[PDB]
**Student:** 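Provided herewith is a single structure, encoded as structure tokens, for subsequent inquiry.
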Amino acid sequence: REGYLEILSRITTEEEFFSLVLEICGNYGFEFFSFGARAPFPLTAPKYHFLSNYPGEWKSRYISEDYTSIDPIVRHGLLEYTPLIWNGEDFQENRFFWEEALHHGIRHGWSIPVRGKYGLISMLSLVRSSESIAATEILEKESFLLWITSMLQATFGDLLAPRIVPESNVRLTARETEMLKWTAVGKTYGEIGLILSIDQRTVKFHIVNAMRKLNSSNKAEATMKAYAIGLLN
Amino acid sequence: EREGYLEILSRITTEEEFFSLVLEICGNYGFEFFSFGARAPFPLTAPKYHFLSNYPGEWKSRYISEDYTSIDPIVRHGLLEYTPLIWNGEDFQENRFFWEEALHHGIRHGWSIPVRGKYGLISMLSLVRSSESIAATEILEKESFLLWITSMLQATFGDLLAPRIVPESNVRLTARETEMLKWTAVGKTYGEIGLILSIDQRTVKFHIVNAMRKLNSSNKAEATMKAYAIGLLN
Ligand SMILES: CCCCCCCCCCCC(=O)N[C@H]1CCOC1=O
Ligand SMILES: CCCCCCCCCCCC(=O)N[C@H]1CCOC1=O
């Protein structure tokens, strides 16, 4: 783990970030990497920011085809919170996606999902075109890959969050925080005032402050953001 | 060593199995006490904790009767920070009465790993002893395994206790149900959702009412928050 904390603090661009993960990739016996985060909202159109060194033709195909929508590594890494070893030849769904992925050497993968601050979900994926991932290779590397990815997640977070989730800077008062907690379970302004023995006018006022902080147009949208960011906790 | 464990874990089916397996890691890594637990994501307003420990029973009842999950800074660290915490009770100047009582029971030198898991669960392993501070060489010696085993314990603990502490986690939602809840998550009205999908208000409302039941919620906001927190909207 030595030196990595030092390099992750001197990183200021994605090009420096890209270079770090590339060396982690090579120093650990793999051909390709991808690293990215899903921004937690808007929920209707979820936006991914990732880097990779895959063949450039695969990168354009992957982007044009919107292959995050179908990629089982992405679709499963959103619901499983633990590392996953994969082999592209094992998948019988999306066989077209996997055929041209295998065509590019994207065959034996190791994917490490982490949840981080601000509702970011990040994944490190290390891939190579040949040589199965040993069971002995797992124990030798699993602890460091797990550890480095939770460091990368933080740096990739610190780097991109103020743009890829702007509301990451929002801080709510205690009063604001409670208004949104009750608005989360669907309470009206009046029900909250009753519960907390304050006026409906005051309840509005606090929710309206928090909506604006959260660049939201109604309180149901603001509420879902505050939860997703971790502001309700 | 960790290979023995993935087998022991792939076969656990009871909380007493879990309890004794975590009691064994505590002793084999030099600690007097342990706690492992998870925070259910619902209800947001008063979310429930389910944990195990071997603390003095005088401390277990006291932690519950006083509702200490709400001021315990070790818990509060795990919810807000995604990093592990090495702690020494006597260092804390806030919530003094809490720490006097806990230091009275020898819950003094601790190491707490928080991990996020399925269904919006948040879990934490803590190991404690009454003496010998946790020094930076001991950290390096045992850090890798502790973070590793915590991610393993939470999977198994979530497997075990999810049906009870978040019973909505088994809910499956229709394609249509999923997307009426995604549009409700930004506060669109039934009519607004209708015009977006070019369907009738009442068919929007039917999907929402059916998801509300499945999610055991009494309004579409509560159900959307539950669906979101569990992972059904992704
Ligand atoms: C699940 C956690 C969310 C993190 C988002 C990261 C975005 C990463 C996109 C690329 C992932 C990735 O490398 N997919 C592989 C599968 C076969 O060919 C590929 O290209
Ligand atoms: C990640 C946050 C939620 C996880 C829920 C875990 C519940 C465990 C509660 C007990 C934690 C715990 O052991 N706290 C120590 C610190 C002072 O004396 C104590 O009792």
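First listed ligand is number 1; within each ligand, the first listed atom is number 1. Chain letters run A, B, ... following the sequence lines, proteins first, then strands; residues in each count from 1.
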**Student:** Can you sort out the partners of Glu137(A) under side-chain hydrogen bond (donor to acceptor under 3.5 Å, both in side chains), two or more places apart, ordered by chain and number?
**Tutor:**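 side-chain hydrogen bond (donor to acceptor under 3.5 Å, both in side chains) list for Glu137(A), sorted by chain: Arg128(A), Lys141(A).
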**Student:** At less than 3.5 Å, what protein N or O atoms come close to the N or O atoms of ligand 1? Include the distances to 0.1 Å.
**Tutor:**
from	atom 1	to	atom 2	distance (Å)
ligand 1	13 (O)	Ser34(A)	OG	2.9
ligand 1	13 (O)	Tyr54(A)	OH	2.7
ligand 1	14 (N)	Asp71(A)	OD2	2.7
ligand 1	20 (O)	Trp58(A)	NE1	3.0

**Student:** For the ring pair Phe33(A) and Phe18(A), is the centre-to-centre distance below 6.0 Å?
**Tutor:**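 Yes, close enough.
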**Student:** Measure centre to centre between the rings of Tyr63(B) and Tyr49(B), then say whether the value is under 6.0 Å.
**Tutor:**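 No, ring centres 6.0 Å or more apart.
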**Student:** What pairs with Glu131(A) under salt bridge (charged side-chain N to carboxylate O under 4.0 Å, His left out), at least two apart in sequence or on another chain?
**Tutor:**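 Expected list: none.
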**Student:** Donor-acceptor pair, distance only, cut-off 3.5 Å: does the side chain of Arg107(A) make one with the backbone of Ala101(A)?
**Tutor:**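 Looks like no, no N/O pair under 3.5 Å.
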**Student:** Would you please name every residue forming a side chain to side chain contact (heavy atoms under 4.5 Å, CB included) with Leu79(A), sequence neighbours left out?
**Tutor:**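 Residues passing side chain to side chain contact (heavy atoms under 4.5 Å, CB included) with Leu79(A): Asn234(B).
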